[PDB]
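Our numbering puts the first residue of the sequence shown at 115, with every later residue one more than the last.
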Amino acid sequence: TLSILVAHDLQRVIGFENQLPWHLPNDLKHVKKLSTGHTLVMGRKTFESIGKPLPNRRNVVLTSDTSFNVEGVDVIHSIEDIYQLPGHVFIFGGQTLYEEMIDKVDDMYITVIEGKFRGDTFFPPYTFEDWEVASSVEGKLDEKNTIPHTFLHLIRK
Ligand SMILES: NC(=O)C1=CN([C@@H]2O[C@H](COP(=O)(O)OP(=O)(O)OC[C@H]3O[C@@H](n4cnc5c(N)ncnc54)[C@H](OP(=O)(O)O)[C@@H]3O)[C@@H](O)[C@H]2O)C=CC1
Ligand SMILES: COc1cc(-c2cc(C)cc(C)c2)cc([C@@H](C)C#Cc2c(C)nc(N)nc2N)c1
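Rendered as structure tokens:
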């Protein structure tokens with residue numbers, strides 16, 4: 115299975131200057147629960163904003179750099195190598211990868227942040243006329259999670 119895993123706001127912002135615009139601990143639990151024991155595929159810039167691989171799952175980084183080597187990170191060099199990865203594979207970022215993958219994915223796991231942030235990175239446009247709502251669950255507000263957010267699981271028509 116090939117899925118997108120993404121958090122984006124009301125205008126589809128996903129990033130500002132190598133950072134997530136928002137601080138949402140609930141969405142990071144959701145990412146852990148969802149992708150533990152599986153594979154995360156990310157572009158080189160996404161990997162570098164994080165800085166280390168996330169424990170307890172395959173970290174796959176797409177890049178053209180033949181020197182690129184990091185402990186605990188497998189490297190791929192074309193979009194086509196993604197389809198050769200065994201298991202449940204989550205496209206984890208960033209903008210350019212989503213742009214390349216959005217038409218090919220089975221499945222989308224979207225956290226909609228009900229806010230409007232300044233950003234420089236965006237998730238590509240999409241219509242619900244292409245996606246069925248498998249589930250929509252409101253995240254719970256908090257001292258720690260202070261921004262409204264909804265977990266969507268969309269599957270392609
Ligand atoms: N929520 C998120 O996922 C977050 C993402 N971002 C940001 O996304 C921003 C914009 O960069 P963006 O390009 O969208 O991010 P990516 O993470 O997708 O990194 C882009 C790089 O991925 C590699 N890549 C993508 N497609 C291919 C391909 N088909 N073949 C070979 N290599 C490929 C290239 O790496 P290379 O040049 O090494 O070959 C490319 O330059 C960055 O500033 C990053 O910080 C910021 C915060 C959060
Ligand atoms: C700038 O710093 C970053 C840190 C992390 C990160 C670091 C640790 C230690 C754990 C976790 C779970 C995430 C991830 C990202 C980027 C790659 C992301 C993301 C993303 C999110 C947060 N939510 C959903 N739903 N999908 C997504 N693709 C950027």
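The beta carbon of each residue, even a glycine, is placed where N, CA and C say it ideally should be.
Return yes when the C-beta of residue i is under 7 angstroms from any heavy atom of ligand 2, and no when it is not.
i, result
"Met156", "yes"
"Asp141", "yes"
"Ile261", "no"
"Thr160", "yes"
"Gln133", "yes"
Which residue comes first and which comes last in the alpha helix (DSSP H) that contains residue i?
i, result
"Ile164", "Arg158 to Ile164"
"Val145", "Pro139 to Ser149"
"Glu214", "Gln209 to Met215"
May I ask whether a heavy atom of ligand 1 can be found less than 7 angstroms away from the beta carbon of residue i?
i, result
"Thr235", "yes"
"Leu124", "no"
"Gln209", "yes"
Which same chain residues, not among the five before or five after residue i, have their C-beta less than 8 angstroms away from its C-beta?
i, result
"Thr225", "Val120, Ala121, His122, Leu138, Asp141, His144, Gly253, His263, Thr264, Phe265 and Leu266"
"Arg126", "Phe236, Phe237, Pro238 and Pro239"
Over the uninterrupted beta strand (DSSP E) stretch that includes residue i, give me the two end residues.
i, result
"residue 301", "Not covered by the structure: residue 301. The range shown for the chain is 115 to 271."
"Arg171", "From DSSP, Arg171 is part of no beta strand (DSSP E); its letter is neither H nor E."
"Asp221", "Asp221 to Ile227"
"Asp188", "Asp188 to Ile190"
Give the secondary structure of residue i by DSSP, where H, G and I count as helix, E and B as strand, and everything else as coil.
i, result
"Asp123", "strand"
"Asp234", "coil"
"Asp195", "helix"
"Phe242", "helix"
"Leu134", "coil"
"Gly201", "coil"
"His152", "coil"
Grab me the residues of residue i's own chain with a C-beta within less than 6 angstroms of its C-beta, minus the 5 sequence neighbours each way, in chain order.
i, result
"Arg172", "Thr153"
"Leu176", "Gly157 and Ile190"
"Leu124", "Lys230"
"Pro167", "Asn173, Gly186 and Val187"
Whose C-beta lies closer than 7 angstroms to the C-beta of residue i among residues of the same chain, with five residues either side of it excluded?
i, result
"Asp244", "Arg270 and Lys271"
For ligand 3, is there a heavy atom less than 7 angstroms away from the beta-carbon of residue i?
i, result
"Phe206", "With respect to ligand 3, the structure shown offers nothing to examine, as its ligands consist of ligand 1 and ligand 2."
Q: Decide yes or no for the touch test of the region 244-258 against the region 190-201: beta carbon pairs closer than 8 angstroms, at least 3 of them.
A: no
Q. Using 8 angstroms as the Cβ pair cut-off and three pairs as the minimum, do the region 234-245 and the region 203-218 touch?
A. yes
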